[PDB]
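*Asks:* Quick one, start12.csv (CSV, N, CA and C atoms):
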```csv
chain,number,residue,atom,x,y,z
A,9,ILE,N,-7.4,4.4,-10.4
A,9,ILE,CA,-6.7,5.4,-11.2
A,9,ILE,C,-5.6,6.1,-10.4
A,10,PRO,N,-5.9,6.6,-9.2
A,10,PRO,CA,-4.9,7.4,-8.5
A,10,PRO,C,-3.6,6.7,-8.3
A,11,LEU,N,-2.5,7.4,-8.5
A,11,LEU,CA,-1.2,6.7,-8.4
A,11,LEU,C,-0.6,7.0,-7.0
A,12,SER,N,0.0,5.9,-6.4
A,12,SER,CA,0.8,6.0,-5.2
A,12,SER,C,2.1,6.8,-5.4
A,13,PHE,N,2.5,7.5,-4.4
A,13,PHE,CA,3.8,8.1,-4.5
A,13,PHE,C,4.9,7.1,-4.5
A,14,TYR,N,4.6,5.8,-4.0
A,14,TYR,CA,5.6,4.8,-3.8
A,14,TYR,C,5.4,3.6,-4.7
A,15,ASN,N,6.4,2.9,-4.9
A,15,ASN,CA,6.3,1.5,-5.5
A,15,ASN,C,5.4,0.6,-4.6
A,16,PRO,N,4.8,-0.4,-5.2
A,16,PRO,CA,3.9,-1.3,-4.4
A,16,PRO,C,4.8,-2.4,-3.7
A,17,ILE,N,4.2,-3.0,-2.7
A,17,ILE,CA,4.6,-4.3,-2.2
A,17,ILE,C,4.0,-5.4,-3.1
A,18,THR,N,4.8,-6.4,-3.5
A,18,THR,CA,4.2,-7.6,-4.2
A,18,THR,C,4.1,-8.7,-3.1
A,19,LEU,N,3.0,-9.3,-3.0
A,19,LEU,CA,2.7,-10.3,-1.9
A,19,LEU,C,2.9,-11.7,-2.5
A,20,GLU,N,3.7,-12.5,-1.8
A,20,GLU,CA,3.9,-13.9,-2.2
A,20,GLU,C,2.6,-14.6,-2.4
A,21,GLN,N,2.4,-15.3,-3.5
A,21,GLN,CA,1.1,-15.9,-3.8
A,21,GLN,C,0.8,-16.9,-2.7
A,22,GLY,N,-0.4,-16.8,-2.2
A,22,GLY,CA,-1.0,-17.6,-1.1
A,22,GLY,C,-1.0,-17.0,0.2
A,23,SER,N,-0.2,-15.9,0.4
A,23,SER,CA,-0.1,-15.2,1.7
A,23,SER,C,-1.3,-14.3,1.8
A,24,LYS,N,-1.5,-13.8,2.9
A,24,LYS,CA,-2.6,-12.8,3.2
A,24,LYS,C,-2.0,-11.5,3.8
A,25,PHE,N,-2.1,-10.4,3.1
A,25,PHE,CA,-1.4,-9.2,3.5
A,25,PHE,C,-1.7,-8.8,4.9
A,26,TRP,N,-3.0,-8.9,5.3
A,26,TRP,CA,-3.4,-8.4,6.6
A,26,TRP,C,-3.0,-9.3,7.8
A,27,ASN,N,-2.5,-10.5,7.5
A,27,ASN,CA,-1.9,-11.3,8.6
A,27,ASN,C,-0.5,-11.0,8.8
A,28,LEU,N,0.2,-10.4,7.9
A,28,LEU,CA,1.7,-10.2,8.0
A,28,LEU,C,2.1,-8.7,8.0
A,29,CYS,N,1.3,-7.8,7.6
A,29,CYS,CA,1.7,-6.4,7.5
A,29,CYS,C,1.9,-5.8,8.9
A,30,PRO,N,3.0,-5.2,9.2
A,30,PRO,CA,3.1,-4.5,10.5
A,30,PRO,C,2.1,-3.3,10.5
A,31,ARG,N,1.5,-3.0,11.6
A,31,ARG,CA,0.5,-2.0,11.6
A,31,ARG,C,1.1,-0.6,11.5
A,32,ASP,N,2.4,-0.4,11.6
A,32,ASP,CA,3.1,0.9,11.4
A,32,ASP,C,4.0,0.8,10.2
A,33,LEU,N,3.7,0.0,9.2
A,33,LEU,CA,4.5,-0.1,8.0
A,33,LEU,C,4.1,1.0,7.1
A,34,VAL,N,4.7,2.2,7.3
A,34,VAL,CA,4.4,3.4,6.5
A,34,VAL,C,5.6,3.8,5.7
A,35,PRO,N,5.6,3.9,4.4
A,35,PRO,CA,6.8,4.2,3.7
A,35,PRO,C,7.4,5.5,4.1
A,36,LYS,N,8.7,5.6,4.0
A,36,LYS,CA,9.4,6.9,4.4
A,36,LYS,C,9.7,7.7,3.2
A,37,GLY,N,9.7,9.0,3.4
A,37,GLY,CA,10.2,10.0,2.4
A,37,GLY,C,9.3,11.2,2.2
A,38,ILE,N,8.1,11.2,2.5
A,38,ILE,CA,7.1,12.3,2.3
A,38,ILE,C,6.4,12.6,3.6
A,39,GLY,N,6.3,13.9,3.9
A,39,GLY,CA,5.4,14.4,5.0
A,39,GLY,C,6.1,14.5,6.3
A,40,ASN,N,5.4,15.0,7.3
A,40,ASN,CA,5.8,15.3,8.7
A,40,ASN,C,5.3,14.2,9.6
A,41,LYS,N,5.7,14.2,10.9
A,41,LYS,CA,5.3,13.1,11.8
A,41,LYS,C,3.8,13.0,11.8
A,42,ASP,N,3.0,14.0,11.7
A,42,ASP,CA,1.6,13.9,11.8
A,42,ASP,C,1.0,13.1,10.7
A,43,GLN,N,1.7,13.2,9.5
A,43,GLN,CA,1.1,12.7,8.2
A,43,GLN,C,1.5,11.3,8.0
A,44,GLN,N,2.2,10.6,8.9
A,44,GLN,CA,2.7,9.2,8.6
A,44,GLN,C,1.6,8.2,8.9
A,45,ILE,N,0.5,8.2,8.1
A,45,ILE,CA,-0.7,7.5,8.3
A,45,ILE,C,-1.4,7.3,7.0
A,46,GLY,N,-2.0,6.1,6.8
A,46,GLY,CA,-2.7,5.9,5.5
A,46,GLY,C,-3.0,4.4,5.4
A,47,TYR,N,-3.1,3.9,4.2
A,47,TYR,CA,-3.5,2.5,3.9
A,47,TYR,C,-2.8,2.0,2.8
A,48,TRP,N,-2.6,0.7,2.8
A,48,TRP,CA,-2.2,-0.1,1.7
A,48,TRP,C,-3.5,-0.6,0.9
A,49,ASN,N,-3.4,-0.5,-0.4
A,49,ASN,CA,-4.6,-0.8,-1.2
A,49,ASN,C,-4.2,-1.9,-2.2
A,50,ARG,N,-4.9,-3.0,-2.2
A,50,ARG,CA,-4.7,-4.1,-3.1
A,50,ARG,C,-5.2,-3.7,-4.5
A,51,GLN,N,-4.4,-4.0,-5.5
A,51,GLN,CA,-4.8,-3.7,-6.9
A,51,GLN,C,-4.6,-4.9,-7.8
A,52,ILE,N,-5.7,-5.6,-8.0
A,52,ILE,CA,-5.7,-7.0,-8.7
A,52,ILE,C,-5.3,-7.0,-10.1
A,53,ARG,N,-4.5,-8.0,-10.6
A,53,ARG,CA,-4.2,-8.1,-12.0
A,53,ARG,C,-4.4,-9.6,-12.4
A,54,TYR,N,-4.9,-9.8,-13.6
A,54,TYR,CA,-5.1,-11.2,-14.2
A,54,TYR,C,-4.2,-11.3,-15.4
A,55,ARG,N,-3.7,-12.5,-15.6
A,55,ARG,CA,-3.1,-12.9,-17.0
A,55,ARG,C,-3.4,-14.4,-17.1
A,56,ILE,N,-3.1,-14.9,-18.4
A,56,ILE,CA,-3.2,-16.3,-18.6
A,56,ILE,C,-1.9,-16.9,-18.1
A,57,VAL,N,-2.1,-17.9,-17.2
A,57,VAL,CA,-1.0,-18.7,-16.6
A,57,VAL,C,-1.4,-20.2,-16.7
A,58,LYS,N,-0.6,-21.0,-17.3
A,58,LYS,CA,-1.0,-22.5,-17.5
A,58,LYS,C,-2.3,-22.5,-18.3
A,59,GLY,N,-2.4,-21.6,-19.3
A,59,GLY,CA,-3.6,-21.7,-20.2
A,59,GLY,C,-4.9,-21.3,-19.6
A,60,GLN,N,-4.9,-20.7,-18.4
A,60,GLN,CA,-6.2,-20.3,-17.8
A,60,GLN,C,-6.0,-18.9,-17.1
A,61,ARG,N,-7.1,-18.2,-16.9
A,61,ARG,CA,-7.0,-16.9,-16.1
A,61,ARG,C,-6.4,-17.2,-14.7
A,62,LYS,N,-5.5,-16.5,-14.3
A,62,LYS,CA,-4.9,-16.6,-13.0
A,62,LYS,C,-4.7,-15.1,-12.5
A,63,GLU,N,-5.1,-14.9,-11.2
A,63,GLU,CA,-4.7,-13.7,-10.5
A,63,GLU,C,-3.2,-13.7,-10.3
A,64,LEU,N,-2.5,-12.6,-10.7
A,64,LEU,CA,-1.1,-12.4,-10.4
A,64,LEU,C,-0.9,-12.2,-8.9
A,65,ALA,N,0.3,-12.4,-8.5
A,65,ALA,CA,0.7,-11.9,-7.1
A,65,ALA,C,0.1,-10.6,-6.8
A,66,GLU,N,-0.6,-10.4,-5.7
A,66,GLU,CA,-1.2,-9.1,-5.4
A,66,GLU,C,-0.2,-8.0,-5.2
A,67,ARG,N,-0.5,-6.9,-5.7
A,67,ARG,CA,0.4,-5.7,-5.4
A,67,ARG,C,-0.5,-4.7,-4.6
A,68,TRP,N,0.1,-4.2,-3.5
A,68,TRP,CA,-0.5,-3.4,-2.5
A,68,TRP,C,0.3,-2.0,-2.6
A,69,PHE,N,-0.5,-0.9,-2.7
A,69,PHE,CA,0.0,0.4,-2.9
A,69,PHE,C,-0.4,1.3,-1.8
A,70,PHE,N,0.5,2.1,-1.3
A,70,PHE,CA,0.2,3.0,-0.1
A,70,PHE,C,-0.3,4.3,-0.5
A,71,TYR,N,-1.3,4.8,0.2
A,71,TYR,CA,-1.9,6.1,0.0
A,71,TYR,C,-2.0,6.8,1.4
A,72,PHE,N,-1.7,8.0,1.5
A,72,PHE,CA,-2.0,8.8,2.7
A,72,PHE,C,-3.5,8.8,3.0
A,73,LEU,N,-3.8,8.8,4.3
A,73,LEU,CA,-5.2,9.0,4.8
A,73,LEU,C,-5.8,10.2,4.1
A,74,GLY,N,-7.0,10.0,3.6
A,74,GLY,CA,-7.7,11.1,2.9
A,74,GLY,C,-7.3,11.3,1.5
A,75,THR,N,-6.6,10.4,0.9
A,75,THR,CA,-6.1,10.4,-0.5
A,75,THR,C,-6.4,9.1,-1.2
A,76,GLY,N,-6.3,9.1,-2.5
A,76,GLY,CA,-6.3,7.8,-3.2
A,76,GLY,C,-7.6,7.2,-3.5
A,77,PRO,N,-7.7,6.0,-3.9
A,77,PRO,CA,-8.9,5.3,-4.3
A,77,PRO,C,-10.0,5.3,-3.2
A,78,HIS,N,-9.6,5.3,-1.9
A,78,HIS,CA,-10.5,5.4,-0.8
A,78,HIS,C,-10.2,6.6,0.0
A,79,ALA,N,-10.2,7.8,-0.7
A,79,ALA,CA,-9.8,9.1,-0.1
A,79,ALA,C,-10.9,9.5,0.9
A,80,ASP,N,-12.2,9.0,0.8
A,80,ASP,CA,-13.2,9.5,1.7
A,80,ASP,C,-13.3,8.6,2.9
A,81,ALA,N,-12.5,7.5,3.0
A,81,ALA,CA,-12.6,6.5,4.1
A,81,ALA,C,-12.0,7.1,5.3
A,82,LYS,N,-12.5,6.8,6.5
A,82,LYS,CA,-11.9,7.1,7.8
A,82,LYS,C,-10.9,6.0,8.2
A,83,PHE,N,-9.9,6.4,9.0
A,83,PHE,CA,-8.9,5.4,9.4
A,83,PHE,C,-9.7,4.3,10.1
A,84,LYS,N,-9.3,3.1,9.8
A,84,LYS,CA,-9.8,1.8,10.4
A,84,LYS,C,-11.2,1.4,9.8
A,85,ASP,N,-11.7,2.2,8.8
A,85,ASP,CA,-12.9,1.6,8.1
A,85,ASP,C,-12.6,0.3,7.5
A,86,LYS,N,-13.5,-0.7,7.6
A,86,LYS,CA,-13.3,-2.0,7.1
A,86,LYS,C,-13.7,-2.1,5.7
A,87,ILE,N,-12.7,-2.2,4.8
A,87,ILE,CA,-12.9,-2.2,3.4
A,87,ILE,C,-12.0,-3.4,2.8
A,88,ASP,N,-12.6,-4.3,2.1
A,88,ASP,CA,-11.8,-5.3,1.4
A,88,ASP,C,-10.7,-4.7,0.5
A,89,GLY,N,-9.5,-5.2,0.7
A,89,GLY,CA,-8.4,-4.7,-0.1
A,89,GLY,C,-7.8,-3.5,0.5
A,90,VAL,N,-8.1,-3.1,1.7
A,90,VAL,CA,-7.5,-1.9,2.4
A,90,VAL,C,-6.9,-2.4,3.7
A,91,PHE,N,-5.7,-2.0,4.0
A,91,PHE,CA,-5.1,-2.4,5.3
A,91,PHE,C,-4.5,-1.1,5.9
A,92,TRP,N,-5.0,-0.6,7.0
A,92,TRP,CA,-4.6,0.7,7.6
A,92,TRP,C,-3.3,0.6,8.4
A,93,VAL,N,-2.5,1.6,8.2
A,93,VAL,CA,-1.2,1.7,8.9
A,93,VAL,C,-1.0,3.1,9.4
A,94,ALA,N,-0.2,3.2,10.5
A,94,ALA,CA,0.2,4.5,11.1
A,94,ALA,C,1.4,4.3,11.9
A,95,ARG,N,2.3,5.3,11.8
A,95,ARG,CA,3.4,5.4,12.8
A,95,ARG,C,2.9,5.9,14.1
A,96,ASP,N,3.4,5.4,15.2
A,96,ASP,CA,3.0,6.0,16.5
A,96,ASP,C,3.2,7.5,16.5
A,97,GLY,N,2.2,8.2,16.9
A,97,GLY,CA,2.3,9.7,17.0
A,97,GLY,C,1.7,10.4,15.8
A,98,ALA,N,1.3,9.6,14.8
A,98,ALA,CA,0.6,10.2,13.6
A,98,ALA,C,-0.8,10.8,14.1
A,99,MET,N,-1.2,11.8,13.4
A,99,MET,CA,-2.5,12.4,13.6
A,99,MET,C,-3.6,11.8,12.7
A,100,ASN,N,-4.7,11.5,13.3
A,100,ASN,CA,-5.9,11.0,12.5
A,100,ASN,C,-6.6,12.1,11.9
A,101,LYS,N,-6.0,12.7,10.8
A,101,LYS,CA,-6.5,13.9,10.1
A,101,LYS,C,-6.3,13.7,8.6
A,102,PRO,N,-7.3,13.9,7.8
A,102,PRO,CA,-7.1,13.7,6.3
A,102,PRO,C,-5.9,14.6,5.8
A,103,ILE,N,-5.2,14.1,4.9
A,103,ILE,CA,-3.9,14.6,4.4
A,103,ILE,C,-4.1,15.3,3.1
A,104,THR,N,-3.5,16.4,2.9
A,104,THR,CA,-3.7,17.3,1.7
A,104,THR,C,-2.6,17.1,0.6
A,105,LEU,N,-1.7,16.1,0.8
A,105,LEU,CA,-0.6,15.9,-0.1
A,105,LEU,C,-1.0,15.3,-1.4
A,106,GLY,N,-2.3,14.8,-1.6
A,106,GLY,CA,-2.7,14.2,-2.8
A,106,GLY,C,-2.0,12.9,-3.2
A,107,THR,N,-1.9,12.7,-4.5
A,107,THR,CA,-1.3,11.5,-5.1
A,107,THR,C,-0.3,11.9,-6.1
A,108,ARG,N,0.4,10.9,-6.7
A,108,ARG,CA,1.4,11.1,-7.6
A,108,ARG,C,0.9,11.4,-9.0
A,109,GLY,N,1.5,12.4,-9.6
A,109,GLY,CA,1.2,12.8,-11.0
A,109,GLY,C,1.6,11.7,-12.0
A,110,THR,N,0.9,11.6,-13.2
A,110,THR,CA,1.1,10.6,-14.2
A,110,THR,C,2.5,10.7,-14.8
A,111,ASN,N,3.1,11.9,-14.8
A,111,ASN,CA,4.4,12.1,-15.4
A,111,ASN,C,5.5,12.2,-14.4
A,112,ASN,N,5.2,11.8,-13.1
A,112,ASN,CA,6.3,11.8,-12.1
A,112,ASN,C,6.6,10.3,-11.7
A,113,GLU,N,7.9,10.2,-11.3
A,113,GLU,CA,8.4,8.8,-10.9
A,113,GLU,C,7.9,8.4,-9.5
A,114,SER,N,7.7,7.1,-9.4
A,114,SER,CA,7.4,6.5,-8.1
A,114,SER,C,8.7,6.4,-7.2
A,115,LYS,N,8.6,6.6,-5.9
A,115,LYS,CA,9.7,6.4,-5.0
A,115,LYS,C,9.8,5.0,-4.5
A,116,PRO,N,11.1,4.5,-4.4
A,116,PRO,CA,11.3,3.2,-3.8
A,116,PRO,C,10.8,3.1,-2.3
A,117,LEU,N,10.4,1.9,-1.9
A,117,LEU,CA,10.0,1.7,-0.5
A,117,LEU,C,11.1,1.6,0.4
A,118,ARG,N,11.1,2.3,1.5
A,118,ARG,CA,12.0,2.3,2.6
A,118,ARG,C,11.2,2.4,3.9
A,119,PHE,N,11.5,1.6,4.9
A,119,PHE,CA,10.7,1.5,6.1
A,119,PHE,C,11.5,1.6,7.3
A,120,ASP,N,10.9,2.1,8.4
A,120,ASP,CA,11.6,2.1,9.7
A,120,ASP,C,11.8,0.6,10.2
A,121,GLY,N,10.9,-0.3,9.9
A,121,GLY,CA,10.9,-1.6,10.5
A,121,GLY,C,11.3,-2.7,9.4
A,122,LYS,N,11.4,-3.9,9.9
A,122,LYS,CA,11.6,-5.1,9.1
A,122,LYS,C,10.3,-5.5,8.4
A,123,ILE,N,10.4,-6.3,7.4
A,123,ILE,CA,9.3,-6.8,6.6
A,123,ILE,C,9.4,-8.2,6.5
A,124,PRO,N,8.3,-8.9,6.3
A,124,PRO,CA,8.4,-10.4,6.1
A,124,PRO,C,8.9,-10.7,4.8
A,125,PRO,N,9.4,-11.9,4.6
A,125,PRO,CA,9.9,-12.4,3.3
A,125,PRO,C,8.9,-12.4,2.3
A,126,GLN,N,7.6,-12.6,2.7
A,126,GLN,CA,6.4,-12.6,1.7
A,126,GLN,C,6.2,-11.3,1.1
A,127,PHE,N,6.8,-10.2,1.6
A,127,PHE,CA,6.6,-8.8,1.1
A,127,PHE,C,7.8,-8.5,0.1
A,128,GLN,N,7.6,-8.6,-1.2
A,128,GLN,CA,8.6,-8.4,-2.2
A,128,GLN,C,8.6,-7.0,-2.6
A,129,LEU,N,9.8,-6.3,-2.7
A,129,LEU,CA,9.8,-4.9,-3.2
A,129,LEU,C,10.4,-4.9,-4.6
A,130,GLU,N,9.6,-5.1,-5.6
A,130,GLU,CA,10.1,-5.1,-7.0
A,130,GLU,C,10.3,-3.6,-7.4
A,131,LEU,N,11.3,-3.3,-8.2
A,131,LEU,CA,11.7,-2.0,-8.6
A,131,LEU,C,11.6,-1.9,-10.1
A,132,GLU,N,11.7,-0.7,-10.7
A,132,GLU,CA,12.0,-0.7,-12.2
A,132,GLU,C,13.2,0.2,-12.4
```
I need this file expressed as structure tokens, please.

*Replies:*
Amino acid sequence: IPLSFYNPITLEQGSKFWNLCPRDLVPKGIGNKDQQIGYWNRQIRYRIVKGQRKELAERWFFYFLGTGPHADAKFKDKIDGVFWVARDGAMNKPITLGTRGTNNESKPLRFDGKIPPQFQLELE
């Protein structure tokens, strides 16, 4: 249910997010140096493709530490569909910024680092 402040990454079908994601891939635009820490969360979708149920390309959504679908998790807790990220110098402290409201626009993804070609940034 909880909405990310940012657009998701769409992962090229067949790739594995946790093999390719930089450990400091934290979207830019919200918070201070201490708060640049959180997780990407996989959110699965199915449709009919070639006349059968198919999982769509995975979309991964960023949430600050202490927010989102896994708001109670601690940094580096092993959870299927969660990949932990932090900028160097971030504080391992739960964040009070919450999540995006249902009537507010998502922000486009911008990063300090490069991303692999398997990480697609679809916009609306």

*Asks:* Using only C-alpha atoms, pick whichever of A:55, A:115, A:42, A:100 has the shortest atom-to-atom distance to residue 82 of chain A.

*Replies:*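 Checking each candidate against residue 82 of chain A, we get A:100 as the closest.
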
*Asks:* Using only C-alpha atoms and a cutoff of 12 Å, can you tell me which residues are near (9.9, -13.6, -0.4) in the file's coordinates, and write them out as a VMD selection string?

*Replies:* chain A and resid 17 to 23 65 123 to 130

*Asks:* Just checking: using only N, CA and C atoms, which residue out of A:11, A:34, A:93, A:29 ends up closest to residue 108 of chain A?

*Replies:*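 Between A:11, A:34, A:93, A:29, the residue approaching residue 108 of chain A most closely is A:11.
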
*Asks:* Just the residues within 6.5 Å of residue 31 of chain A, please, counting only N, CA and C atoms, with nothing from its chain fewer than 6 positions along; format it as a list in words.

*Replies:*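 That gives residues 92, 93, 94 and 95 of chain A.
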
*Asks:* Find the distance between atom CA of residue 74 of chain A and atom CA of residue 103 of chain A and write it in Å to one decimal.

*Replies:* 5.4 Å

*Asks:* For a quick check of understanding, using only N, CA and C atoms, which of A:58, A:117, A:83, A:75 has the smallest distance to residue 105 of chain A?

*Replies:*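 Smallest separation from residue 105 of chain A among the options: A:75.
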
*Asks:* Figure out the distance between atom N of residue 72 of chain A and atom C of residue 47 of chain A, please, to one decimal in Å.

*Replies:*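 According to the coordinates, atom C of residue 47 of chain A and atom N of residue 72 of chain A are separated by 6.2 Å.
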
*Asks:* One number please: atom CA of residue 77 of chain A to atom CA of residue 27 of chain A, in Å, one decimal.

*Replies:* 22.2 Å

*Asks:* May I have all residues of chain A that DSSP, computed from the backbone, assigns to strand (DSSP E or B), given as JSON, numbers by chain?

*Replies:* {"A": [11, 14, 17, 18, 19, 45, 46, 47, 48, 49, 50, 51, 54, 55, 56, 57, 60, 61, 62, 63, 67, 68, 69, 70, 71, 72, 90, 91, 92, 93, 94, 108, 115, 127, 128]}

*Asks:* Selection from above, N, CA and C atoms, as an mmCIF file, keeping the file's coordinate frame, can you write it?

*Replies:*
```
data_model
loop_
_atom_site.group_PDB
_atom_site.id
_atom_site.type_symbol
_atom_site.label_atom_id
_atom_site.label_comp_id
_atom_site.auth_asym_id
_atom_site.auth_seq_id
_atom_site.Cartn_x
_atom_site.Cartn_y
_atom_site.Cartn_z
ATOM 1 N N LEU A 11 -2.500 7.400 -8.500
ATOM 2 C CA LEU A 11 -1.200 6.700 -8.400
ATOM 3 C C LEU A 11 -0.600 7.000 -7.000
ATOM 4 N N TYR A 14 4.600 5.800 -4.000
ATOM 5 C CA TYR A 14 5.600 4.800 -3.800
ATOM 6 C C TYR A 14 5.400 3.600 -4.700
ATOM 7 N N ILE A 17 4.200 -3.000 -2.700
ATOM 8 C CA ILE A 17 4.600 -4.300 -2.200
ATOM 9 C C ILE A 17 4.000 -5.400 -3.100
ATOM 10 N N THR A 18 4.800 -6.400 -3.500
ATOM 11 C CA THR A 18 4.200 -7.600 -4.200
ATOM 12 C C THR A 18 4.100 -8.700 -3.100
ATOM 13 N N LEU A 19 3.000 -9.300 -3.000
ATOM 14 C CA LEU A 19 2.700 -10.300 -1.900
ATOM 15 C C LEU A 19 2.900 -11.700 -2.500
ATOM 16 N N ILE A 45 0.500 8.200 8.100
ATOM 17 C CA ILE A 45 -0.700 7.500 8.300
ATOM 18 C C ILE A 45 -1.400 7.300 7.000
ATOM 19 N N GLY A 46 -2.000 6.100 6.800
ATOM 20 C CA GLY A 46 -2.700 5.900 5.500
ATOM 21 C C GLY A 46 -3.000 4.400 5.400
ATOM 22 N N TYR A 47 -3.100 3.900 4.200
ATOM 23 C CA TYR A 47 -3.500 2.500 3.900
ATOM 24 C C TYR A 47 -2.800 2.000 2.800
ATOM 25 N N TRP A 48 -2.600 0.700 2.800
ATOM 26 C CA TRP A 48 -2.200 -0.100 1.700
ATOM 27 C C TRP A 48 -3.500 -0.600 0.900
ATOM 28 N N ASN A 49 -3.400 -0.500 -0.400
ATOM 29 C CA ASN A 49 -4.600 -0.800 -1.200
ATOM 30 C C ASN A 49 -4.200 -1.900 -2.200
ATOM 31 N N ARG A 50 -4.900 -3.000 -2.200
ATOM 32 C CA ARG A 50 -4.700 -4.100 -3.100
ATOM 33 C C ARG A 50 -5.200 -3.700 -4.500
ATOM 34 N N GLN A 51 -4.400 -4.000 -5.500
ATOM 35 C CA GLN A 51 -4.800 -3.700 -6.900
ATOM 36 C C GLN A 51 -4.600 -4.900 -7.800
ATOM 37 N N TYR A 54 -4.900 -9.800 -13.600
ATOM 38 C CA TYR A 54 -5.100 -11.200 -14.200
ATOM 39 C C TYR A 54 -4.200 -11.300 -15.400
ATOM 40 N N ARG A 55 -3.700 -12.500 -15.600
ATOM 41 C CA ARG A 55 -3.100 -12.900 -17.000
ATOM 42 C C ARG A 55 -3.400 -14.400 -17.100
ATOM 43 N N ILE A 56 -3.100 -14.900 -18.400
ATOM 44 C CA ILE A 56 -3.200 -16.300 -18.600
ATOM 45 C C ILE A 56 -1.900 -16.900 -18.100
ATOM 46 N N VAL A 57 -2.100 -17.900 -17.200
ATOM 47 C CA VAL A 57 -1.000 -18.700 -16.600
ATOM 48 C C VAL A 57 -1.400 -20.200 -16.700
ATOM 49 N N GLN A 60 -4.900 -20.700 -18.400
ATOM 50 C CA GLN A 60 -6.200 -20.300 -17.800
ATOM 51 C C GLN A 60 -6.000 -18.900 -17.100
ATOM 52 N N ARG A 61 -7.100 -18.200 -16.900
ATOM 53 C CA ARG A 61 -7.000 -16.900 -16.100
ATOM 54 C C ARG A 61 -6.400 -17.200 -14.700
ATOM 55 N N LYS A 62 -5.500 -16.500 -14.300
ATOM 56 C CA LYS A 62 -4.900 -16.600 -13.000
ATOM 57 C C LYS A 62 -4.700 -15.100 -12.500
ATOM 58 N N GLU A 63 -5.100 -14.900 -11.200
ATOM 59 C CA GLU A 63 -4.700 -13.700 -10.500
ATOM 60 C C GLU A 63 -3.200 -13.700 -10.300
ATOM 61 N N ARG A 67 -0.500 -6.900 -5.700
ATOM 62 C CA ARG A 67 0.400 -5.700 -5.400
ATOM 63 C C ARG A 67 -0.500 -4.700 -4.600
ATOM 64 N N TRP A 68 0.100 -4.200 -3.500
ATOM 65 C CA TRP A 68 -0.500 -3.400 -2.500
ATOM 66 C C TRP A 68 0.300 -2.000 -2.600
ATOM 67 N N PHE A 69 -0.500 -0.900 -2.700
ATOM 68 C CA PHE A 69 0.000 0.400 -2.900
ATOM 69 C C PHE A 69 -0.400 1.300 -1.800
ATOM 70 N N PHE A 70 0.500 2.100 -1.300
ATOM 71 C CA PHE A 70 0.200 3.000 -0.100
ATOM 72 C C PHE A 70 -0.300 4.300 -0.500
ATOM 73 N N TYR A 71 -1.300 4.800 0.200
ATOM 74 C CA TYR A 71 -1.900 6.100 0.000
ATOM 75 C C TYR A 71 -2.000 6.800 1.400
ATOM 76 N N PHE A 72 -1.700 8.000 1.500
ATOM 77 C CA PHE A 72 -2.000 8.800 2.700
ATOM 78 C C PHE A 72 -3.500 8.800 3.000
ATOM 79 N N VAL A 90 -8.100 -3.100 1.700
ATOM 80 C CA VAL A 90 -7.500 -1.900 2.400
ATOM 81 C C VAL A 90 -6.900 -2.400 3.700
ATOM 82 N N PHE A 91 -5.700 -2.000 4.000
ATOM 83 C CA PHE A 91 -5.100 -2.400 5.300
ATOM 84 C C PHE A 91 -4.500 -1.100 5.900
ATOM 85 N N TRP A 92 -5.000 -0.600 7.000
ATOM 86 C CA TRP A 92 -4.600 0.700 7.600
ATOM 87 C C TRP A 92 -3.300 0.600 8.400
ATOM 88 N N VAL A 93 -2.500 1.600 8.200
ATOM 89 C CA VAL A 93 -1.200 1.700 8.900
ATOM 90 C C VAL A 93 -1.000 3.100 9.400
ATOM 91 N N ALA A 94 -0.200 3.200 10.500
ATOM 92 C CA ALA A 94 0.200 4.500 11.100
ATOM 93 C C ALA A 94 1.400 4.300 11.900
ATOM 94 N N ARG A 108 0.400 10.900 -6.700
ATOM 95 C CA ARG A 108 1.400 11.100 -7.600
ATOM 96 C C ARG A 108 0.900 11.400 -9.000
ATOM 97 N N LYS A 115 8.600 6.600 -5.900
ATOM 98 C CA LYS A 115 9.700 6.400 -5.000
ATOM 99 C C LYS A 115 9.800 5.000 -4.500
ATOM 100 N N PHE A 127 6.800 -10.200 1.600
ATOM 101 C CA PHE A 127 6.600 -8.800 1.100
ATOM 102 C C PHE A 127 7.800 -8.500 0.100
ATOM 103 N N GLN A 128 7.600 -8.600 -1.200
ATOM 104 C CA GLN A 128 8.600 -8.400 -2.200
ATOM 105 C C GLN A 128 8.600 -7.000 -2.600
#
```

*Asks:* Find the residues around residue 43 of chain A up to 6 Å (only C-alpha atoms counted), leave out those fewer than 3 positions away in its own chain, and share them as a list in words.

*Replies:* residues 39, 40 and 98 of chain A

*Asks:* Tell me which of A:51, A:44, A:112, A:104 sits closest to residue 66 of chain A, counting all atoms listed in the file.

*Replies:* A:51
